[PDB]
Amino acid sequence: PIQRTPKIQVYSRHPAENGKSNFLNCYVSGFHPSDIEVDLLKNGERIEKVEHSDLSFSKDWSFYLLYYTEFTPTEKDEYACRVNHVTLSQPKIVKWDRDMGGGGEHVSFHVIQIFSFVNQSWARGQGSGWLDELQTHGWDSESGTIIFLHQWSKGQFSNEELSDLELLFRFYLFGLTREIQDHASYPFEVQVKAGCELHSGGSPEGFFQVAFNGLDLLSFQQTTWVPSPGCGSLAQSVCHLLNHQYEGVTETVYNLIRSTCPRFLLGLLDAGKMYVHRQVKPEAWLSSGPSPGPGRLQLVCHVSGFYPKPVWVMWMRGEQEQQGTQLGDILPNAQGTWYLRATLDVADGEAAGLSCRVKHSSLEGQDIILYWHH
Ligand SMILES: CCCCCCC[C@@H](C)CCC[C@H](C)CCC[C@H](C)CCC[C@H](C)CCC[C@@H](C)CCCOP(=O)(O)O
Ligand SMILES: *[C@@H]1O[C@H](CO)[C@@H](O[C@@H]2O[C@H](CO)[C@@H](O)[C@H](O)[C@H]2NC(C)=O)[C@H](O)[C@H]1NC(C)=O
Ligand SMILES: [Cl-]
Ligand SMILES: [Cl-]
Ligand SMILES: [Cl-]
Ligand SMILES: [Cl-]
Ligand SMILES: [Cl-]
Ligand SMILES: [Cl-]
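Below, the structure is looked at part by part. (Residues numbered from 1 in each chain as written, not as in the entry; some residues may be left out. Chains lettered and ligands numbered in written order. Heavy atoms only, no water. Residues with missing side-chain atoms left out of burial classes, pairs and counts.)

Attention shifts here to the sheet that holds strand β20 (residues 311-317). The four strands lie next to each other as β21-β20-β25-β26, forming an open sheet whose pairing is antiparallel. Every interior strand has two partners, whereas the edge strands, β21 (320-321) and β26 (368-371), have only one. Where strand β25 (residues 354-360) lies against β26, four bridges are found, and the strand directions are antiparallel. Bridging across to β26, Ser355 finds its partner in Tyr371. (Pairing = 2+ DSSP bridges. Helix = DSSP H or I, 4+ residues; strand = E, 2+ residues; numbered from the N terminus.)

Structural data, given as structure tokens:
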């Protein structure tokens, strides 16, 4: 427990044009527990050879997953994202459709960990490193080794440092597992988010947060562990344990989270800048959306492939912003960049003369304008 339902978002990276190669993205989020089945379908057949990020979660602790593959839109062929979850009666198939528009400061670095305990002697585990919303690391479970997803994932650390880190992680895992395997009278899931935010001005902000069955359990605030008020005897127990019984583990954590993490983080940024990519022009295109009702249209404006994140997108009549404009979420793209789509609902007659306007930092001040037409 408890149960949350997956939001499902399907979208293409480029304008859809028959025979021309494209990328199909599927973003599955908001779910809990972590047990899930996601498949990209072509004409009902599951597509093998797809890319998927490792499992992560939000501040809410709900899980999310990115999927994508290469595909070609055609007149005949039908594509879908198929999801199966404990909160679904039947599997949900959401089609991708050109004419529906797809269907549906500070930097931070964190290590994310999910533990799934079905019983005493059976448990799943997985973890991964994330630079902002960008995964930079996986973790091989059998070997107990780090997986560096990119040419810069090492981030200006020597090999000795990272070896020591691997072993530190190994023993940390052995420790907690033994620790959770004790305390036995029972299905449950444990999530850990640990790492650092780096802020303008250089002040690091450390965090180590745990959750249980998707519930806020404990955290680490300024050299002292804190329980989230349940109460909460479990959290208070384990906190108290860490605070005193074995302190010195927290010396490591404290060091690791206030030092090494911001240094590694900065190392990633440095090594990252070499390859790509400072700024990227989006491309934009219009499509219809799902019909809002008889005698009404939904206009969809797609903005895809922009980086950095900040965008301004609006439906216009001349200089007048449209009141009804609805901005979707900013979603991740196949390799690194960003996707967003804005919709508007309008009567048939009032469709003509509406424009979608895009402002991005990389456009050099010359905005993208797209005019609706039939
Ligand atoms: C099966 C799940 C595997 C999960 C491992 C996935 C790891 C996967 C992301 C590899 C990326 C590695 C990445 C390249 C190097 C980043 C270096 C950063 C600065 C280190 C931050 C380490 C975290 C913050 C401290 C952990 C808390 C433990 C030390 C204390 C706990 C109490 O002890 P106890 O338990 O004994 O009682
Ligand atoms: C956790 O629950 C039981 C605990 O033993 C596991 O039971 C095993 O189930 C599979 C297939 O049914 C096999 O490993 C054996 O038949 C069972 N083991 C024993 C010792 O009887 C179970 O598989 C674990 N997790 C599940 C069922 O998801
Ligand atoms: Cl293959
Ligand atoms: Cl289509
Ligand atoms: Cl260090
Ligand atoms: Cl159109
Ligand atoms: Cl960004
Ligand atoms: Cl959306």
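A few words on the side chain of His360. The residue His360 is located in strand β25 in this model. By relative accessible area, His360 is classed as buried at 7%. Separated by 3.0 Å, the side chain of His360 and the backbone oxygen of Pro308 make a polar contact. Look past the residues within four positions of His360 in its chain and what remains in contact with it is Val280, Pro282, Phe306, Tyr307, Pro308, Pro310 and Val311. (Buried < 20%, exposed > 50% of the residue type's maximum accessible area, 1.4 Å probe, protein only. Polar contact = N/O pair within 3.5 Å; in protein donor to acceptor, adjacent residues only side chain to side chain. Contact = heavy atoms within 4.5 Å.)

A few words on the site of ligand 1. Taken together, 22 residues lie near ligand 1, and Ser128, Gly129, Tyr172, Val253 and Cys261 sit nearest. A distance of 3.4 Å is found between an oxygen atom of ligand 1 and a backbone nitrogen or oxygen belonging to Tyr172. Across the complex, the protein chains shield 90% of the 1,000 Å² of accessible surface that ligand 1 would expose by itself. For the shell around ligand 1, the secondary structure elements donating two or more residues are β10 (106-117), β11 (123-131), β12 (134-140), α1 (159-181), α3 (249-258) and α4 (261-275). The biggest single contributor to the shell around ligand 1 is β11, with five residues. (Near = heavy atom within 4 Å. Areas by Shrake-Rupley, 256 points an atom, 1.4 Å probe, with all protein chains shown as cover.)

Take the side chain of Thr69 next. Locating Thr69 in the fold gives a position in strand β7 (residues 63-71). Setting aside its immediate chain neighbours within four residues, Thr69 contacts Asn22, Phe23, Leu24, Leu40, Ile47, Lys49 and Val50.

Let us now look at the pattern of salt bridges. A full pass over the atoms with the stated rule returns 10 salt bridges. One salt bridge in this structure joins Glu48 and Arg46, with 3.4 Å as the shortest N-O distance. Residue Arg46 is classed as partly exposed on the basis of its relative accessible area of 45%. Between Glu166 and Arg170 there is a salt bridge, with the nearest N and O atoms lying 3.8 Å from each other. In this pair, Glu166 and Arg170 are both assigned in helix α1, four residues apart and thus about one turn of the helix distant. The network of salt bridges with shared partners includes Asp39, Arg46, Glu48 and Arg82. (Salt bridge = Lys/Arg side-chain N within 4 Å of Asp/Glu carboxyl O.)

A surface patch of nonpolar side chains, amounting to about 340 Å² of accessible area, comprises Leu167, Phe171 and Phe174. You can see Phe171 is positioned in helix α1. A residue is classified by how much of its surface remains accessible, and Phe171, at 60% relative accessible area, is exposed. (Patch = residues over 30% accessible without salt bridge, like charges linked within 9 Å, V, L, I, M, F, W, Y side chains within 5 Å.)

It is worth spelling out the environment of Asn25 at this point. Within the secondary structure layout, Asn25 lies in strand β2 (residues 22-31). The exposure class of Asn25 is buried, given its relative accessible area of 0%. In sequence terms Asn25 and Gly44 are 19 residues apart; their C-alpha atoms lie 17 Å from each other. In contact with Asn25, other than residues within four places in its own chain, are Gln9, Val10, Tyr11, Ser12, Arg13, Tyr67, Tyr68, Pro332, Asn333 and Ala334.

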